[PDB]
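Reading through the structure tokens given below for one structure.
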Protein chains: 4
Amino acid sequence: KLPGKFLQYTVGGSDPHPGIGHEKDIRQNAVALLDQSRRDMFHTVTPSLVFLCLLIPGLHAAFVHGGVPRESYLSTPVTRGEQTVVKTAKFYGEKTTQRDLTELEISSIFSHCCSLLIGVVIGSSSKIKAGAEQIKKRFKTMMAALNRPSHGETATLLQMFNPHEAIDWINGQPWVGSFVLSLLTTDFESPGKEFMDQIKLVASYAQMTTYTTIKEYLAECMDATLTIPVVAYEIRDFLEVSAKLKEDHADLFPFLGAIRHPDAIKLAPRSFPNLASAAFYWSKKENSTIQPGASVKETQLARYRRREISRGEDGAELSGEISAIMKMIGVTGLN
Amino acid sequence: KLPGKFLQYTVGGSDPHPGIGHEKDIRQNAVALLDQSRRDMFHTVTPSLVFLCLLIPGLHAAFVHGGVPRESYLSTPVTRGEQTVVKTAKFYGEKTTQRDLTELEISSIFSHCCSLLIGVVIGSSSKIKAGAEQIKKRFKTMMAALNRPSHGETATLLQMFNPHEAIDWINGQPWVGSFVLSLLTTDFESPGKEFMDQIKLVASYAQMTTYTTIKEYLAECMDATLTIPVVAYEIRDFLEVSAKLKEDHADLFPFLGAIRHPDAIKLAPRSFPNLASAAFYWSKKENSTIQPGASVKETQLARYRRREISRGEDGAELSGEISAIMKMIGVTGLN
Amino acid sequence: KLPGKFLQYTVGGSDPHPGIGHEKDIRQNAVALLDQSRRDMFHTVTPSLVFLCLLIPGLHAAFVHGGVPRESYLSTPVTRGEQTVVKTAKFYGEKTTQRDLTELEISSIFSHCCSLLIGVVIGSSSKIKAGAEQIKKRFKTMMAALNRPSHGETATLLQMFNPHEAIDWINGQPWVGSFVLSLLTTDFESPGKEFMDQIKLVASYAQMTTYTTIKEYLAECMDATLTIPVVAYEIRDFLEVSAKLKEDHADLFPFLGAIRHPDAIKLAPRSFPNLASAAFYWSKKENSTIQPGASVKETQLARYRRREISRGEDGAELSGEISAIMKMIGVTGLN
Amino acid sequence: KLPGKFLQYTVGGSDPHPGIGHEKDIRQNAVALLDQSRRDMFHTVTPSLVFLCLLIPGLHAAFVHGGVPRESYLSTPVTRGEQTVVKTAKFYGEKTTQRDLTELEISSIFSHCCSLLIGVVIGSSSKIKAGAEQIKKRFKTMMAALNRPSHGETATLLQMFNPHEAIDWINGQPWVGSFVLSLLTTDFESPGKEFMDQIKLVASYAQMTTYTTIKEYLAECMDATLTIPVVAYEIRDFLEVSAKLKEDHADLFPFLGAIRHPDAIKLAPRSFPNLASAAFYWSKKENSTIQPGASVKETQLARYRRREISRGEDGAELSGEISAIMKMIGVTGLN
């Protein structure tokens, strides 16, 4: 037999980290980091953090307060001075032919940050690494709202720089919730207003998929699974818990998941194991559902699913006008 | 709190751009750009534009009129003459061993342009970057119509050159609609006729997915969602709006989306929010549907979906002949 | 308006081609081409053709007869002798430290050829480039039949050499059908017998998806779409056409698609447009279906789909024994 | 005709192999192999085996006993000493600036080994090469159980080193079953306990998909396919065979597939061809099903699927309390 020993955690390690440079250098750093060969010189996450600082004045000092270093690790150390240098707080080159950003570069930085912040609000880089056509659609909507619809297609100067590493890095920081809260609650001047309109749409019920799946089930289920006593008792509790959270949080309620608020856990599967099991069961059949703690069984869900409930009757005769409209599409009446 | 400031657009930027060279050089440019190492020297979109110019005589002057530059940016500037050169209007090398295209090179250029133009008509590069087996099938159909079916498999000389960047670039230009209109309405000599036969099939109802999803719903839905009053009133309006557009546009009606005609928006979800909600609901159940502006609810759609409508009865007895045919497959009658 | 001119095919072009070398050199070529750096020196398809020649003695002379060149193009020409060399009929290096194949190299060549030939029989490289877990399962079954099950996992020496280009190239050659026919009808000694057992399973009804989808529909459809007169008349014709082809082709009938036999077209959608429309409609609903030439409509298919047919009744009471078995799983009877 | 000859297996081949180095060098090897440029010097599987040895004290001697070599092949031989060296049993460099692992490096090694061992227990690398969001979720659960939830996002130091080759290699070794058994049955100290909690969840019914699909069918199927006599007779046998295996194997029963126990084959499709056909049929319709040896037909399954069975009635009236709860979601009663 193996002895049952296992690798133990050490204490104390410097690992490579990204940085944000100095506030006065934000624009110069951003311009330099538009070039792939420059990005190759630093921790991969650094340019994304610098672009966010450029996007949102005031954000650099907030990151500093959260413990984000000014210095980025270098891709390769420089044994330059008898001493070995592994990091720096400046990312622009000696050849300092300072120029300003073009319009298309600005839109491209918007595109990169749009994907990045979508990943941060949903708590995952999986869709940005992959599921990206929905993301581009949001970006195109933004660009049209800003009267630059062609840029929805053409602002691709950062297309090879995927933000996935920066999504993961920000998602692991203790201040991620506060950062999202600040984005959702700040009244930004244009074009920030239009940028945040898209992030807010994405953030609504983000990381509250148990809540929204249950609500869908309660609104749309047409079968008797809703009536299974342990399910029904949890429906009442869920609606009451939800109402209390809505009263407490008001307009932030749809954002509890996105801001990593501790109350979001009150609407997790573990809080309503039988109802979550029933709703997940229904939702997979409509498009391993039994939750830890649930006493309801799959065989019971199957049997009750075959029985119908009613949500009221609306009249057994169509109006003359609706009958005529039905004839336009080859429908003769109710059956 | 963040102050609410946001990055502002600048005015005035030269960014890198592709080019089309000179009309007299189209074939020589195209031959040179069949080589990957030559393509690496220029903006990625340039060869696709040059291949289109080769495909369609007259297109080069149309692009010029639309503001497409003759000069392409170079991948790397040349500090050659005390002056720094960033672009050129010629893409063939000094070593000018001019040769003609082979048959297989022509078919390969057809393949590249086929994918490219499919992306342009559908308004997206997502399928070409990925969903490509349907595209190859169209290309194989073309090659068979041109009595070269083996080339459907073998014309792969440009297989590593994906047109996705050129789809996006063309899709962002103000003249994209006019370009598609000109392709759909020009009577091309062979082999252009056969090439355009495939593009026309793809362009039919392209970017009119709300229109076609509603039409599918109106033809195929067998439930009472069609009878919900706010839905039914929009069915009548939709059919009448559609008839008016059909009268106005005649044979171009299926191409309004592909040509980016302003009337296409008259058949967008926003124009029929309740009907679009109902049709999207139905279509996802048959294969977030509530549209901005809709008053219909998911719970109402669910309840009405459970009730059947009729599209007429066709007789309760099979003919003797159809009964006999049914016996051939083990069917005993109607039930 | 564009003038309607289009790029015309030229006549006469040498393009690069793969080769098969000389028969006496098959094994030496194969051993040399197990190394990626050697494969990089030649047309990408060459090693796959050489491995097939190694797999199947006699195949080299058949390829020669089909017009396959002995010489492969080189990745890079050699201006070596005042004359420029673009191709060669030998693929092994000057440093001719001739060795024999290992067992694991043989299994790895089997793996590569297994994927390759699956792509050839199905007429597509799309699954091999991508959909590969089903392929590995076939390969593992082969390796177990040959009493080397570990090689199902470990025979990965050619894992980075995907056969997709060679699938496409062979699929475009005029002799592809004859090649598949010869593979399916030759009685191979072991381990060829076991290799071909897997290819035969894959080849069965390959590229006869219209035939098999219709047969599925006729066996499994429980609705009245089968009774629509234009559909029913084509059901009778289809069964009779199919019976005639079965009589004519006997044990080759399931292989007509795989061998590219002209009779396969007799079972294409165009031959039974209404039945194919009905079967495709059914099959998409069970898992753009209207075929060119069909008169049946989607709205008619929808309406008839809602009516049930019967395939006979089997008794309204369970036997005592089957009732008891039903109690073991919580089933109380028929409903 | 081809003669029917086929390539024959040779006997006797040295192929490249990974290694595990020496026990005293495990940590030094692991630290050196955290660097990609060092990993590039050796067989790709070597670092994964070394990381496993670091993870689990005692595992190195078990691998040695199973025939795992100490020496790894080198990516490139060194003609260094008049003699040619192809392998070595040490993987750390001459420049032996020995350091200890950081916390984040430990978590990153946990991440790599988590994916690796998931692939080993499920018997496939396909999901790890691809289907990875479910894997990250397991890793995040682990990291939270170990009070380091940020590492669920940030422990990415080995993110570019996918374990797929090492999954395949271990999966092909004769001792893979014993290795998994030892992992599942050893009582590991923390953090091994928490690591193995995730592997055990994944290993439960791993590679017993026929067993679990049949059990799902027997619990959830609401149609008369269960009553088809050849199916029903196999239901009884299956439940009895399963009960016997449960008695024999007790808490190991869910792990028979994961440990490659010979009894797992007693629950393969071939053992219950008709029931497996029925369950696979049902399962594809609920989300080529006829098994070798089955006499049941798809047309019979279709017909019986249309008839309902009952699993008992539970009362035709809701309690007053459940009626009130139903009113909260717009449900008026049973229908």
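Here Cβ is always computed from backbone atoms with ideal geometry, including for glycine, and neighbour counts include all displayed protein chains. Any read-out appearing in this document is the output of simple, stated calculations on the displayed coordinates, not a laboratory observation.
Every other copy gets compared here: list the nm distances from the A:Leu239 label point (7 Å along Cα to Cβ) to its counterparts, shortest first, one decimal.
From this label point to the equivalent ones elsewhere in the assembly: 3.9, 3.9, 5.5 nm.
Sum up the charges of everything whose Cβ sits under 12 Å from the Cβ of B:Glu71, counting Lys and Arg as +1 and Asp and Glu as -1, but leave B:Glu71 out.
+3
Could you work out, residue by residue across A:209-216, how many beta carbons of other chains sit within 10 Å of that residue's beta carbon, and then give the average as an integer?
On the way: counts 0, 0, 0, 1, 0, 0, 2, 4.
Average per residue, whole number: 1.
Add +1 for every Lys or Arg and -1 for every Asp or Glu among the other residues with Cβ under 14 Å from the Cβ of A:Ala324, and state the total.
On the way: positive: A:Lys327, B:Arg236; negative: A:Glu317, A:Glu321, B:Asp237, B:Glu240.
Summing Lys/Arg as +1 and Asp/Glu as -1 gives -2.
Considering every pair of different Cα atoms, what Kirkwood radius, in Å, is found for segment B:188-233? Intermediate results must be reported in sequence, preceding the final value.
Numbers: mean 1/r = 0.0753 Å⁻¹.
By the Kirkwood definition, the hydrodynamic radius is 13.3 Å.
Work out from phi, with θ = phi - 60° and the Karplus expression 6.51 cos²θ - 1.76 cosθ + 1.60, the ³J(HN,Hα) of each residue of segment D:258-266, listed in order in whole Hz, and give x for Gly and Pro.
5, 8, 6, 6, x, 5, 3, 5, 5
Which of B:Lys137/C:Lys127; B:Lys136/B:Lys284; A:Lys215/B:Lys297; C:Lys215/C:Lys244; C:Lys24/C:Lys90; B:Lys140/C:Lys284 have a Cα-Cα distance over 18 Å?
Pairs exceeding the cut-off: B:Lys136/B:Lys284; B:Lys140/C:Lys284.
State, to one decimal in nm², a quarter of the convex hull surface area for the C-alpha atoms of the protein assembly as shown, i.e. the direction-averaged projected area.
Average projection, Cα convex hull of the protein assembly as shown: 55.7 nm².
Using a cut-off of 17 Å between alpha-carbon atoms, which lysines can reach A:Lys95, once sequence neighbours fewer than 8 places away in the same chain are excluded?
Qualifying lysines at Cα under 17 Å: none.
Using a basic spin-label model with each label point 7 Å from the Cα along Cα→Cβ, how many nm lie between D:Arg307 and B:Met328?
The modelled label-to-label distance comes out at 2.8 nm.
Given bins 5 angstrom wide, list per bin the percent of all Cα-Cα distances in segment B:258-328, short to long.
Percent of Cα pairs in each bin: 3, 13, 15, 13, 11, 10, 9, 8, 7, 8, 3.
Just the ratio, please: alpha-carbon radius of gyration of segment B:101-214 over 2.2 N^0.38 Å, N its number of residues. Walk me through the numbers on the way to the answer.
Details: Rg = 14.0 Å, N = 114, 2.2 N^0.38 = 13.3 Å.
Rounded to two decimals, the normalised Rg is 1.05.
Give me a single rounded figure for D:14-25: the average over its residues of other chain Cβ atoms within 10 Å of their Cβ.
Numbers: counts 2, 8, 2, 1, 0, 0, 0, 0, 0, 0, 0, 0.
Taking all residues of D:14-25 together, the mean is 1.
To the nearest 0.05, how large is the calculated FRET efficiency for C:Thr84 and B:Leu201 if R₀ is 45 Å and r is the Cβ-Cβ distance?
0.50
Distances from A:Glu103 to the same position in the other copies: list them in nm, one decimal, shortest first, using label points 7 Å from Cα along Cα→Cβ.
Here A:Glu103 shows inter-copy label distances of 4.9, 4.9, 7.0 nm.
Semi-axes, largest first, in whole Å: what does sqrt of 5 times each Cα gyration tensor eigenvalue give for segment D:177-335? Before the final figure, lay out each step's value.
Details: eigenvalues 241, 149, 34 Å².
In descending order the semi-axes read 35, 27, 13 Å.
List the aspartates and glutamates whose Cα lies under 15 Å from the Cα of C:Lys246, skipping any in the same chain that are fewer than 8 positions away.
The qualifying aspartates and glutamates are C:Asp237, C:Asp263.
Towards the positive end of the charge dipole of the protein assembly as shown, with charges on Cβ (+1 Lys, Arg; -1 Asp, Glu), say which of D:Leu104, C:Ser319, C:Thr299 has the farthest Cα.
Projecting each Cα onto the dipole axis, the largest value belongs to D:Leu104.
If the label for D:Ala250 sits 7 angstrom from Cα along the Cα-to-Cβ line, what are its distances to the same label in every other copy, in nm to one decimal, shortest first?
6.1, 6.1, 8.6
Find out how many positive minus negative residues lie around A:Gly4, taking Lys and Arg as positive, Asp and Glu as negative, among other residues whose Cβ is under 14 Å from that of A:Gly4.
0
How much mean residue ellipticity at 222 nm does the protein assembly as shown get from its helices, if each DSSP H run of length 4 or more adds -39500 (n - 2.57) and you divide by all residues, to the nearest 500 deg cm²/dmol?
-14500 deg cm²/dmol
Within a 10 angstrom radius of each residue's Cβ in A:296-308, how many Cβ atoms of other chains show up on average? Whole number is fine.
Details: counts 0, 3, 4, 9, 5, 2, 8, 10, 2, 2, 7, 5, 3.
Mean partner shielding for this stretch: 5.
How big is the gap, in Å, between the Cα center of segment C:25-52 and the Cα center of segment D:98-147?
Between the Cα centres of segment C:25-52 and segment D:98-147 lies a distance of 38 Å.
What is the distance, in nm, between label points placed 7 Å from the Cα along the Cα-to-Cβ direction at D:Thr10 and at A:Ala130?
4.1
Decide, for segment C:1-207, between rounded, prolate and oblate: order the square roots of the alpha carbon gyration tensor eigenvalues as a ≥ b ≥ c, take rounded if a/c falls under 1.5, and otherwise choose prolate if a/b is larger than b/c, else oblate.
oblate
Can you tell me which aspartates and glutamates have their Cα less than 16 Å from the Cα of D:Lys129? Leave out same-chain residues fewer than eight positions away.
Those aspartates and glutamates meeting the cut-off are C:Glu133, C:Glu153, D:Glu165, D:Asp168.
With contacts defined as alpha carbon pairs under 8 Å and 6 or more residues apart, what's the relative contact order of segment C:1-207 in percent? Mind dumping the intermediate values first?
On the way: 244 pairs, mean separation 43.4, N = 207.
Computed value for segment C:1-207: 21 percent relative contact order.
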